[PDB]
Amino acid sequence: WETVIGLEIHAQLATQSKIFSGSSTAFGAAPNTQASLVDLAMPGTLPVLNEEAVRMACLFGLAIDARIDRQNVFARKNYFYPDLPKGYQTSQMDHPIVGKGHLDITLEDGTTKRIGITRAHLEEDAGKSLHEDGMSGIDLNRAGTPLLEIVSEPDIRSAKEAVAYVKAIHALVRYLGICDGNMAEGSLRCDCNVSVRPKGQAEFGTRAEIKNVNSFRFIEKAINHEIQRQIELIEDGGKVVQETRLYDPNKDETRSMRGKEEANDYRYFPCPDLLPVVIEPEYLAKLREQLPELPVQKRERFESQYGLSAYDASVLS
Amino acid sequence: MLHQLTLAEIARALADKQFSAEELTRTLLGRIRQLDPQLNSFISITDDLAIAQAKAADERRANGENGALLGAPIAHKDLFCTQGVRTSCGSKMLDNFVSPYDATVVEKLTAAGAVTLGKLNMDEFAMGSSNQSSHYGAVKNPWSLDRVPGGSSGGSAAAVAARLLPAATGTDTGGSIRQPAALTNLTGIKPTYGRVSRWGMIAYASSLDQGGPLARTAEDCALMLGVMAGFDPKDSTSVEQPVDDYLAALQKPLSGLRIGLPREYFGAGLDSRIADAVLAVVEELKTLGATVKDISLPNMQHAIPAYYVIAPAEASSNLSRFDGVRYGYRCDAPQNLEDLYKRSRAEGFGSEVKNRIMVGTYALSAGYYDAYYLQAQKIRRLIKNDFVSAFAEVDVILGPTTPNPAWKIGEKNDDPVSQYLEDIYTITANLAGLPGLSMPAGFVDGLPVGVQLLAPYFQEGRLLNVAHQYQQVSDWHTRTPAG
Amino acid sequence: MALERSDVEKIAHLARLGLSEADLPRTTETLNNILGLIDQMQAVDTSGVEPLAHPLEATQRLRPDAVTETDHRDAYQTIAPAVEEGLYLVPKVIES
């Protein structure tokens, strides 16, 4: 058996004002309190890109050792949903902020393997529905919040490797001061594109996308219980269908949220209101000088030059 | 006797202490509400805000502060958002929508010292060039009650031409200002893309939309453009440029100014009458002391399809926000969420907007994208290239505006072939993002026709300059008493 | 270049449109005419040349992380058709 998985990590950037709006980010139980004129998607209103957002973006791009493009254009992800105020989600399809990087992930049992990251673009969040009371209520308190969608290359294999990769992303981003890192508050989220295939045949093994995974333990358990599930499904044959599943830690079972009848056409195209932002090598030249010392190399530097053990150096770093 | 209004003469008269802005606005409003139902050019007339703004215009005029135009009566399009006033764009969808925020253009103009009377009728989201698809009723032309004033700014042109108002605010999306101006013997100017901000201005085609003033004289729309231009930090498409001295740019001679007359502006679509009406203007411009040279545009004919691929596409995304969850009009019986979307967007507007959104979605759909949208954009690029290649020797490119005189109502309104075959010359400037100006050439069968002139980037002062030099040759001022 | 009622159906599903049986033929006809108009551009070669999304060749677009004041509750619901404790009421079930 060969388990080829993938990871789609959404990181919530810690900025005061929203990416295109002027409302605050951090907030408590008060609903609809962080929605100005921009977030309500009023007719005739226009969005303006945040400075520290793209700054932190290309900062992460520099930290991950990726070739940053000179120009990047925001594209539209047109889908209709009550949480989404406008008729399209401002993301990045072609020419993202960050592309093709690599992260040194720390594992156990000897070798410390390197994993690849295909891209890392700027996305946007939507509203939130809660179960009440009847009908439902949509809260745009989190709507308009800047997002960083780090999409990883399918080089990641075992589940433990995946947990290690999520921990490495979390640590690096925490060091960069981009996101809070607290998964409990709902800042750092991720999805997993897990797909297994029997060694020898490129055949069989449909992809399974498990969404909404919180803790590292949840990640590990869900990925395992999905891998073995797919293994059984291929062993029996049956019907290998593409669906977007979810995981609940209570029963440790995989549930299907939506049945994919056909490939969803989001209709991507360059956004006509927002012009492509040009990041010059001078920007990167200043940010590289502003770049903090990476934890993964700082603990190893705590091993090399200063007399210290692996354990205490790591927990110190 | 107060029908002969113009912002220059009105500022001069108010400076002469003849009366207050209140008397002017009350008399003019009196003229409005009496004859309006015959042409139906206005949808709503706010009296309280008008009289308040008039008194404030008086107290401001007392100390003569902050403006070239003080207490000038100007109306706005249903596209521009207004605090307190029902912005609707002239549609069933955006009906009963009182915007909680104003617009940069309305805010700037009012802060400059201009009284707003109310809102005039327009096409649904600037879609259509006939103003017959209006939910509030079709607008009638002051010269011919059986024909159309144009679109998608027919209401403004009809309002100003019919002596109701001295100056109004219009839109430019795909030749939606030049055509109504030409059909109503008016002077319409479109600024370079990025000059006038779009904040508050509801978009139909983001990369094509641009707000421009519409008035009787070039001087008037110069006085308006001088105010309504400039950068706005809230808008991303706005560009920073300091040239805003249009009023002083006048009275500059046409000594040895090169003028381009394209071959493609003379084809099989335009009638000979307007052709002679243009050649007379060219000869008169030669008498003014300007030189004329033949220029070429290889990709001018290919301007018509590409536009109707780019403009709908963007719209199909721009109008995607109109679902009725946050504002506008909501379904009476929403069985489902999908039912809410589909029914609300169904009972928005009829066939025109819906079908154009359909063609837009078809153009943006997976697969057809590269063959249609990308194609149209690259053709647009070729057009820009042709323009920047042409303007290397020619300063201003002149030609005919509308290829056909005004057509009657109840005819080919259901048929879009004639609708599309109208705007052929006027869309090139929109696709290229160049500043344009339509000034009336004369009259055909009692109906007014105009000539369009195009200029290079960020120098509208020159086009309004040749416009002013043109104002010296032949004036059509005494046209107000008839209608 | 050609279209059936189901093409118009799927386009309607994408852009979310309510269409009855009586409106179908006329819409198909007009749409086919429009496509018949746009199809002329395919004759022209477009190799090498780049697309034009925006008329002006503008650059960076930055906005500082400056927080702007927040409005009150009452200003939102004045136009909103559905309101409960400051939230928009919307049907949850999505099918067909």
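Chains as they are written, first to last, in PDB author numbering: chain K, 3 to 135, 138 to 321; chain J, 1 to 483; chain L, 1 to 96.
Ideal Cβ positions, reconstructed from N, Cα and C, are used throughout, including at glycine.
Asked                                                                                                                                                                            : Found
Write down the C-beta distance between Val394(J) and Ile259(J) rounded to the nearest angstrom, noting that I regard them as a contact closer than 8 Å.                          : 7 Å
Give, in chain order, every unbroken run of the beta strand (DSSP E) that is at least 3 residues long and sits entirely within the segment 136-178 of chain J.                   : 167-172
Mind pulling the chain J residues with CB within less than 7 Å of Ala58(L)?                                                                                                      : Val239
Taking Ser313(K) as part of the alpha helix (DSSP H), name the residues at either end of that continuous run.                                                                    : Unbroken run through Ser313(K): none, as it is neither H nor E.
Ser38(K) touches chain L at which residues, Cβ-Cβ below 9 Å?                                                                                                                     : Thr68, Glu69, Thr70, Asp71
Which whole-angstrom value describes the C-beta separation of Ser131(K) and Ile142(K), a residue pair presumed to lie in contact below a C-beta threshold of 8 Å?                : 6 Å
State the Cα-Cα distance for the pair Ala75(J) and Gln377(J), rounded to the nearest angstrom.                                                                                   : 35 Å
List the residues of chain K that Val90(L) touches, going by C-beta distances under 9 Å, in chain order.                                                                         : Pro84, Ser131, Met139, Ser140, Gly141, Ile142
Smallest Cα separation from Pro276(K): which of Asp7(L), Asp45(L), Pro51(L), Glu9(L)?                                                                                            : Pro51(L)
Among residues of its own chain, excluding the 5 on either side of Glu264(J), which ones have a beta-carbon nearer than 7 Å to its beta-carbon?                                  : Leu297, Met300, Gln301
Is the distance from the Cβ of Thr428(J) to the Cβ of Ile383(J) below 9 Å?                                                                                                       : yes
Whose Cβ in chain K lies nearer than 7 Å to the Cβ of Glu84(L)?                                                                                                                  : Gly141
Please say whether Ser438(J) and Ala215(J) have beta carbons closer to each other than 9 Å?                                                                                      : no
List the residues of chain J that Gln40(L) touches, going by C-beta distances under 7 Å, in chain order.                                                                         : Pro305
Is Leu421(J) closer than 9 Å to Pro403(J) when the C-beta atoms are compared?                                                                                                    : yes
Compare the Cα-Cα distances from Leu39(K) to each of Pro100(J), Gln18(J), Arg12(J), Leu39(J) and report the closest residue.                                                     : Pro100(J)
Of all Cβ atoms in chain L, is any one closer than 9 Å to the Cβ of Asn404(J)?                                                                                                   : no
Hey, how far is the Cα of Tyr251(K) from the Cα of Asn355(J)?                                                                                                                    : 42 Å
Suppose you measure from the CA of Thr27(J) to the CA of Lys55(J); what does that come to, to the nearest Å?                                                                     : 14 Å
Entirely within the segment 13-69 of chain K and at least 4 residues each: give me those alpha helix (DSSP H) ranges in chain order.                                             : 53-65
With 8 Å as the limit, tell me which residues of the segment 181-199 of chain J have their beta carbon closer than that to any beta carbon of chain K; keep them in chain order. : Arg198, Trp199
Are any of the Cβ atoms in chain L nearer than 9 Å to that of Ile379(J)?                                                                                                         : yes
Helix, strand or coil, according to DSSP, for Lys115(K) in the structure here?                                                                                                   : coil
By how many angstroms is the C-alpha of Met358(J) removed from the C-alpha of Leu89(L)?                                                                                          : 28 Å
Do you know offhand how far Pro416(J)'s Cα is from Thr401(J)'s?                                                                                                                  : 19 Å
Along the chain, where does the beta strand (DSSP E) that runs through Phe220(K) open and close?                                                                                 : Per DSSP, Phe220(K) belongs to no beta strand (DSSP E); it is in the alpha helix (DSSP H), 220-240.
As a quick exercise: from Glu23(J), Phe19(J), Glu9(J), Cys89(J), pick the residue whose alpha carbon is nearest that of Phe349(J).                                               : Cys89(J)
Determine which residues of the segment 61-80 of chain K have a Cβ less than 7 Å from any Cβ of chain J, and write them out in chain order.                                      : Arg78, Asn80
Below 8 Å, is the gap between the Cβ of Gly211(J) and the nearest heavy atom of the ligand HEM?                                                                                  : Within the structure as shown, the ligand HEM is missing, as the structure has no ligands at all.
Whose Cβ in chain J lies nearer than 7 Å to the Cβ of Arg5(L)?                                                                                                                   : The premise fails here: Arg5(L) is roughly 13 Å from chain J at the closest Cβ pair, so nothing lies under 7 Å.
DSSP state of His468(J), grouped into three classes?                                                                                                                             : helix
Just list the alpha helix (DSSP H) runs in the segment 259-316 of chain J, keeping only unbroken ones of 4 residues or longer that don't cross its boundaries, in chain order.   : 272-288
In whole angstroms, what is the alpha-carbon distance linking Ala122(K) and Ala363(J)?                                                                                           : 29 Å
To the nearest angstrom, how far is the alpha carbon of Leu61(K) from that of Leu295(K)?                                                                                         : 7 Å
For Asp65(L), go through chain K and note every residue whose CB falls closer than 7 Å to its CB, in chain order.                                                                : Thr17, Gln18, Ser19, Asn52, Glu53, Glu54
Helix, strand or coil, according to DSSP, for residue 136(K) in the structure here?                                                                                              : Inspection of chain K shows residue 135 followed directly by residue 138; residue 136(K) is thus not represented.
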